[PDB]
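Descriptive analysis of the structure
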Amino acid sequence: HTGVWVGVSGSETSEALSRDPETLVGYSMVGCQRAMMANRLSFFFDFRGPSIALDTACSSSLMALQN
Amino acid sequence: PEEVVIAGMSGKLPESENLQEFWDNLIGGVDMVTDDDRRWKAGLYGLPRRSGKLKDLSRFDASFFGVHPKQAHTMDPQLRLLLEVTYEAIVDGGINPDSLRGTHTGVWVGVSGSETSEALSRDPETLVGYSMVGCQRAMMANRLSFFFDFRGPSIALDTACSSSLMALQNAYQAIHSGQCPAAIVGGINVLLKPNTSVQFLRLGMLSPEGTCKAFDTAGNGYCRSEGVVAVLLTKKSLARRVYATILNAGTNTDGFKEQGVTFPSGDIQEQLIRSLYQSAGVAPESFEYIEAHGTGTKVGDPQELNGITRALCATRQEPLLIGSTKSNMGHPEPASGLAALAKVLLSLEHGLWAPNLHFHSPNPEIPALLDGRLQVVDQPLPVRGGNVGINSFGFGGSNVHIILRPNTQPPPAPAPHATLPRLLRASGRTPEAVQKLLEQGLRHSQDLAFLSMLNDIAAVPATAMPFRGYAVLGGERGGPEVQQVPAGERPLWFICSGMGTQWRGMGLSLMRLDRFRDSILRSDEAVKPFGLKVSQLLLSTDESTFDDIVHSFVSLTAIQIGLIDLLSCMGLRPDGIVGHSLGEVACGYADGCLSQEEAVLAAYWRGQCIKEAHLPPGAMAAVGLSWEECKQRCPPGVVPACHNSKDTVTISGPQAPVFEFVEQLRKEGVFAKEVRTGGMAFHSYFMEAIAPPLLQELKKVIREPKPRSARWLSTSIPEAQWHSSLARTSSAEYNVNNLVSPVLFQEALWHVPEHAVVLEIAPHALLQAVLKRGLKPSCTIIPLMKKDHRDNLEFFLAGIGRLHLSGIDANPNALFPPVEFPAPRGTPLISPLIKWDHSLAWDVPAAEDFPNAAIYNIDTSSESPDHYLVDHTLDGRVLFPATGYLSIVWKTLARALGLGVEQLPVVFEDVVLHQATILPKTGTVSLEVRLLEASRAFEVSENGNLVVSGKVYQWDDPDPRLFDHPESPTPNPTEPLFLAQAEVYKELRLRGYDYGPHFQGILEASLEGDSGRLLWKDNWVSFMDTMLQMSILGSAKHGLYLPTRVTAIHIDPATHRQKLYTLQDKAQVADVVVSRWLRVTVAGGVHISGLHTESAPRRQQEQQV
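Calculation notes
- Residues numbered from 1 in each chain as written, not as in the entry; some residues may be left out.
- Chains lettered and ligands numbered in written order.
- Part of a larger assembly, values for the part shown.
- Heavy atoms only, no water.
- Residues with missing side-chain atoms left out of burial classes, pairs and counts.
- Helix = DSSP H or I, 4+ residues; strand = E, 2+ residues; numbered from the N terminus.
- Rg over C-alpha atoms; globule rule 2.2 N^0.38 Å.
- Buried < 20%, exposed > 50% of the residue type's maximum accessible area, 1.4 Å probe, protein only.
- Pairing = 2+ DSSP bridges.
- Contact = heavy atoms within 4.5 Å.
- Buried area = accessible area lost by both parts, 1.4 Å probe.
- Salt bridge = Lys/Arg side-chain N within 4 Å of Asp/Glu carboxyl O.
- Polar contact = N/O pair within 3.5 Å; in protein donor to acceptor, adjacent residues only side chain to side chain.
- Nonpolar A, V, L, I, M, F, W, Y, C, P; charged D, E, K, R; others polar.
- Axes fitted to C-alpha atoms, helices over the stretch in contact; angles between N-to-C directions.
- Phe/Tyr/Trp six-rings, centres within 6.5 Å; stacked < 30°, edge-to-face > 60°.
- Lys NZ or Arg CZ within 6 Å of the ring centre and 35° of its normal.
- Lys, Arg positive; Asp, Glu negative; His and termini not counted.
- Expected span 1.5 Å × (residues − 1).
- Core = buried A, V, L, I, M, F, W, Y, C linked by side-chain atoms within 4.5 Å.
- Disulfide = S-S within 2.5 Å.

Turning to the overall build of chain B, a few remarks are in order. Of the regular secondary structure elements, chain B holds 33 helices and 41 strands. Scaling as 2.2 N^0.38, a compact globule of 1105 residues should have a C-alpha radius of gyration of about 32 Å, whereas chain B reaches 45 Å, well beyond that.

Turning next to the pairing of strand 6 (residues 244–253) of chain B. Residue and element names in this part refer to chain B. When you tally the buried positions in strand 6, you get nine out of 10 residues, the bulk of the element. The sheet contact formed by strand 6 and strand 13 (residues 398–406) spans nine bridges and is antiparallel. Each residue of the ladder has a partner; that of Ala 249, found in strand 13, is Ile 402.

Strands belonging to one sheet form pairs held by backbone hydrogen bonds; the direction of such a pair is parallel or antiparallel. All names here are of chain B. Pairing in this open sheet of four strands is parallel, and the strands run 24-18-17-26 from one edge to the other. Since the sheet does not close on itself, it has two edges, and those belong to strand 24 (712–713) and strand 26 (760–761), each with one partner. Bridging between strand 18 (residues 576–579) and strand 24 involves two bridges; their strand directions are parallel. Note on strand 24: the bridge partner recorded for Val 578 is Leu 713.

Listed by partner, the interface residues are 42 residues for chain B and 38 residues for chain A. Interface area for chain B against chain A, summed over the two sides, is near 3,400 Å², with a carbon-plus-sulfur share of 58%. Scanning the region where chain B abuts chain A turns up zero salt bridges. For the interface between chain B and chain A, the tally reads 14 residue pairs in polar contact. Counting residues per element, the ones that place at least two in the side of chain B that touches chain A are strand 3 (154–157), helix 9 (194–203), strand 6 and helix 10 (266–279) of chain B. Ranked by residue count, the leading element in the side of chain B that touches chain A is helix 9 of chain B, at six residues. By residue class, the composition of the side of chain B that touches chain A is 16 nonpolar, 18 polar and eight charged.

Before going further, it helps to examine the sheet that holds strand 19 (residues 621–624) of chain B. Residue and element names in this part refer to chain B. With respect to topology, four strands assemble into an open sheet ordered 20-21-19-22, the strand pairing being antiparallel. At either end of the open sheet lies a strand with only one pairing partner, and these are strand 20 (639–642) and strand 22 (672–674). Each neighbouring strand pair of the sheet contributes to a mean axis angle of 40 degrees, computed without reference to strand direction. Where strand 19 lies against strand 21 (residues 648–652), four bridges are found, and the strand directions are antiparallel.

Take the packing of aromatic side chains next. Geometry of an aromatic ring pair is reported as the spacing of the ring centres plus the angle between the planes. The full count for this structure, using the stated rule, is 31 aromatic pairs over all chains. Each ring, one from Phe43(A) and one from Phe256(B), has its centre 5.3 Å from the other, and the planes form 20 degrees; the classification is stacked. Taken together, the residues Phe43(A) in helix 3 (residues 36–45) and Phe256(B) in the loop between strand 6 and helix 10 connect one chain to another. Taking the relative accessible area as the measure of exposure, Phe43(A) reaches 15% and is therefore buried. For the pair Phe530(B) and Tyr604(B), a centre-to-centre distance of 4.5 Å together with 20 degrees between the ring planes defines the contact as stacked. On the criterion of sequence distance, the pair formed by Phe530(B) in the loop between helix 18 (514–527) and helix 19 (534–539) and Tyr604(B) in helix 22 (residues 596–612) is long-range, its members being 74 residues apart. Members of the aromatic cluster, connected to one another through ring pairs, are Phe60(B), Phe64(B), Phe65(B), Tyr87(B), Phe147(B), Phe148(B), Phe150(B) and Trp836(B). Positioned above the aromatic ring of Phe816(B) is the side chain of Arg422(B), whose terminal nitrogen or guanidinium carbon lies 4.6 Å from the ring centre. Between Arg936(B) and the ring centre of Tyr953(B), over which it is positioned, the NZ or CZ distance is 3.9 Å.

So, on to the pairing of strand 13 of chain B. All names here are of chain B. Within strand 13, eight of the nine residues are buried, leaving the element largely enclosed by the surrounding structure. When strand 12 (residues 387–393) meets strand 13, the two strands line up antiparallel, connected through six bridges. Its bridge partner lying in strand 13, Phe 393 is registered against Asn 399.

Turning our eyes to something else, we now look at the side chain of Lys213(B). Residue and element names in this part refer to chain B. Counting through the fold element by element, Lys 213 comes out in the loop between helix 9 and strand 5 (227–235). One buried charged side chain, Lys 213, makes no salt bridge at all; its nearest oppositely charged neighbour is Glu 209, positioned 4.5 Å away. Apart from residues lying up to four places away in sequence, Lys 213 is in contact with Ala 218, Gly 219, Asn 220, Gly 296 and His 358.

The next thing to look at is unusual backbone geometry. For residues besides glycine, phi is generally negative; the peptide bonds are generally trans as well. All names here are of chain B. In this structure, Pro 822 follows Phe 821 across a cis peptide bond, with omega equal to 5 degrees. Relative to the elements of secondary structure, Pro 822 occurs in the loop between helix 29 (792–805) and strand 27 (854–859). Positive phi outside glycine occurs at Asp 149, with the angle close to 55 degrees. Assignment of secondary structure puts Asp 149 in the loop between helix 7 (139–148) and strand 3. Of note in the backbone geometry, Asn 943 takes a positive phi value of approximately 60 degrees without being a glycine. Tracing the sequence through the fold places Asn 943 in the loop between strand 32 (937–942) and strand 33 (945–954). The exposure class assigned to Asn 943 is exposed, which follows from its relative accessible area of 66%.

The subject of this paragraph is the pattern of salt bridges. Two side chains of opposite charge can pair, provided their charged atoms sit close to one another. All names here are of chain B. Under the counting rule described, the total for this entry stands at 37 salt bridges over all chains. The partner of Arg 274 in a salt bridge is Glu 270, and the shortest N-O contact between them spans 2.7 Å. Of this pair, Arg 274 and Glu 270 both sit in helix 10, separated by four residues, roughly a single helical turn. Look at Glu 270 and you get buried, because its relative accessible area is 13%. As a salt-bridge pair, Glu 476 and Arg 790 come within 2.3 Å of each other at their nearest N and O atoms. Here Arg 790 lies in the loop between helix 28 (768–774) and helix 29 and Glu 476 lies in the loop between strand 15 (467–473) and strand 16 (481–484), a separation of 314 residues in the sequence. Each member of the pair, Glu 476 as well as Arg 790, carries the same accessibility label: exposed.

Moving on to helix 11 (residues 300–311) of chain B. Residue and element names in this part refer to chain B. When the terminal C-alpha atoms of helix 11 are compared, their 17 Å separation across 12 residues agrees well with the 16 Å that a helix rising 1.5 Å per residue should span. Of all 12 residues in helix 11, 10 are buried, a share of seventy percent or more. Turning to helix 11, the residues buried within the fold contact helix 10, strand 7 (287–291), strand 8 (320–323), helix 14 (367–370), strand 10 (374–376) and strand 12.

Residue and element names in this part refer to chain B. Of all hydrophobic cores here, the largest spans 104 residues; its most connected members are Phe 516, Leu 771, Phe 796 and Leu 803. Of all the elements, helix 20 (residues 549–569) adds the most residues to this core, at 12 residues. The residues touching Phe 516, leaving out its near neighbours within four places in the chain, are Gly 507, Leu 510, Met 511, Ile 559, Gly 562, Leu 563 and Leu 566. Counting residues in each nonpolar core, the second largest holds 66 residues, with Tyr 985, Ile 1002, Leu 1040 and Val 1046 among its members.

Next up on the list: helix 16 (residues 448–457) of chain B. Residues and elements named next belong to chain B. Burial within helix 16 is extensive, with 10 of its 10 residues counted as buried. Taken together, the buried positions of helix 16 are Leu 448, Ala 449, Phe 450, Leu 451, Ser 452, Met 453, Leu 454, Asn 455, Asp 456 and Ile 457. Those residues of helix 16 that are buried are in contact with helix 3 (77–92), strand 14 (422–428), helix 15 (431–443) and strand 15.

This paragraph deals with the state of the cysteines. Evaluated as defined, the whole model comprises zero disulfides over all chains. This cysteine, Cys32(A), is not joined by any disulfide, and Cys161(B) carries the nearest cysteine sulfur, 18 Å off. Considering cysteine sulfurs only, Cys135(B) is the nearest to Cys58(A), which forms no disulfide, with 17 Å between them. The exposure class of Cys58(A) is exposed, given its relative accessible area of 85%.

Once that is clear, we can look at the environment of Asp1052(B). Residues and elements named next belong to chain B. You can see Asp 1052 is positioned in the loop between strand 37 (1041–1051) and helix 33 (1053–1059). For the pair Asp 1052 and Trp 955, spaced 97 residues apart in sequence, the C-alpha separation works out to 8.5 Å. Leaving out residues up to four positions away in the same chain, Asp 1052 has contacts with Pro 905, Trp 955, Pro 958, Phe 963 and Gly 1085. From its side chain, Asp 1052 meets the backbone nitrogen of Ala 1054 in a polar contact 3.0 Å long. Of note is the side chain of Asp 1052, whose polar atom sits 2.9 Å from the side chain of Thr 1055.

In structure tokens, the structure reads:
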């Protein structure tokens, strides 16, 4: 039931890949969405617990540790 | 632990400016998803044309939230709407926001997009710094905490489409564990960037029909929608209104799934549901309605519904109701959960289940729907009663499920107090807001809980909400009054009237109140030893009841004490106390210098002592003359009695001298009158004899004197003595002096500061004129009772209302018995009633602020949409079609002009192809096209080498005549035979052109090669290449010739659509003509002029040896 709390505040790569409507690929949503930063880890490691992506700025990592 | 309840709720949802409109749409069957062009021109990039969208995003009351005009434009619309919706959420439950300020309450906001941050930082030369404060994802919770001063956790979750419900789960954990006393939960999602809808469409999640057809066979995808919804979770000890109680909320991730990351897993969802309903101790049968995700996808719905069937519907007898709010308003990804919660709570409040649209046949992959074990709500169903469940499952894999126990509180049993009139006080940002609140209050006049909750939230400072209003309900003469409130603190003062105010049947209209009755009973107990009861005196009917001095004095003191008690109940404390001579007793009670029993006893003793001695009758008379002048005018035996004001002076004395001087005044014509006291000249020398026994009795009456607070201003003694010992403490000597020394009311008035709120505390506002003239013009008298009025409770309530309008915060809930909480089910919602100042319109990013010279990657692999190019093989090597460059340049021009290719008739001129690009077998080749609009020229470069050059520009005035087929120079009447597709392409093969199936599009051609029929697919490259093939077909020159120059080309999609005619089979065909004399190849909507082809050396690969 182990769960993944990840402190992230920047999703810049999401913008770069989603800048051209003609040739974008739907994979970018799976690979760049902020929430996937933890869901990918849970998917690979087979964790059935929580998977959150906190966003408080400059304190997100320690907030994840507290959670 | 502690109970967690849903105190309040608010939000803005697709085509629903408030929750009441959301409900009106849900029940009425309206489809909140529309086909408008608000966010972007519909059909852009092939996106689904339909999307549920909020009505307006440009409204925000920045001033109320301390956001400056510049900061407002740079702020995210989500944050502005969220501030407003959260304020509505706090007030929905009656919890005044200032009560939670400084509390540990924590904000959880679930959000998934930051398009505004990407937009406002696009130009690094002029972007403003404060764009990050107002657009950062972390500021969704931080800004709310900053404004509302919440010292608890402030987080912003993403959790991939289950953010709102995950935040609700975290808030439930926090309040359950005692970490936080209350929580605010939010969900926000706005559609501003078409690239995101394009991504979701490419992933295959969006529905081409633009509808979430839940639990139905036609399920294809989901319709994206905008939402902003905020909820207030509080522990049961605080909640004033309760919607439902959160029995248990959980969360789990699907973990590793062989199918993929975006594949819903039903086993894990079933495990979570079962675990939760086991940990909460709730039988599966108790459930009455589970709000399924219902996204509408083909794979997700079977998994979720089968999981629900296994977890819940396995061991029950009656069928289970299943619903999906997304079929109505679309799918707000981050805020989907809270939208479902809002729907469920509204349906519970209104006693119906909001139906589910777009369901006309079950999905045969779900056995439960086919059987009766699950019942979809396709029409309204009354709420029978049970526990509800809500689950939101993000596409990442995070699941959330919450069990709810609906609130079932019946309306209270009627009580006599409900007949008495109430008072409603409102405060708003605009007069219209206060009027709206008053109107809604008057509609529900009989709902005590609603009025109590409204009165609780109206206590807000005048600076924030400048307009106030009040309305007495339950009385015949009741009409809302509204006026703007001047800012700044206004001192509150008390003026206690004198001996004159006394009338038959006074106070009975106030005995119906509780505090007044208790005060009167305490007074009667105080005076009980002497044989008379104040209650009996008030209840008397004889017009001679109050002719006695003692009855009048004691009843007057009791009534004033009761009024002063009523004012205290509402938290009011005076900054100034001033009294007429009988009043100072009551005034003394106001400051606490006396206890109630002491004051009542003193009044009775004064009366009895006055009765004991006998003096010659003498009438106290009022004369309108200057006080000092009155001194000289007054005859012997009379002394001034009351310095009411600058003009008003009532003189008293022996009856005969007063009559003589009254006759003299009447001769003068000046104002002359005498108040009725039983013919007694109070405050004159006659009272001197009465004193000794008066002091004796009062000494026992007042055991230990006490200091007179600085607030109390003494009319008994001049200011010169205001440092004196005698006038320093409320004592027997003080009362004796008051009974003897003349009244100095006018003097004490001058210390009433400007903008004072006086209150004539007495059974009858006798001194309204005196106070109006004496006080400075700005003051406000606000009288509380009146003489002979039918319902004095209405007058008192209107007095409290005027007090409210004047700035003073008086909460009328104290007057009446408290209302039990939680409030009954069905109480009107308060969120729709809160209206803001939306005069201004703040910047909202447009679709042109997001990225959309032009560079094109030609990928010829199997999956690439350009895979058809692998059929354009000449000499055995694949080459980019000459017409392929034309299409790329055309798309570039369309994008720059901001139109679609189908809508842009274009003209190419003086095109030159300088080199041939060989499409690699493995890899890609990138072509870059640049335009010079002013020169109307274009260039296509390949790795820095010029490929195609010429001119391209929009065709201003298309004309169909240009495409009429030129008369053929050869009649060809016989037409015995024609070249079939096989034969024409066999000839082309012999010449060396090796076109594949995709570029085989000449259904038939004439022998001379001038006429033919061309097949039309959606690809323009193939059609134009087939035109060039027809041109090449009729030439006598052998070997392969490639285009090198075209003089002019015209294209017109409209005429092209008109020209295409379907064949007997389903195929679409276009008729072509080639006139070599005129040098034109015309087919459908295309017109090629001045084509020049140059022979190309054979590759001499001689792969065949």
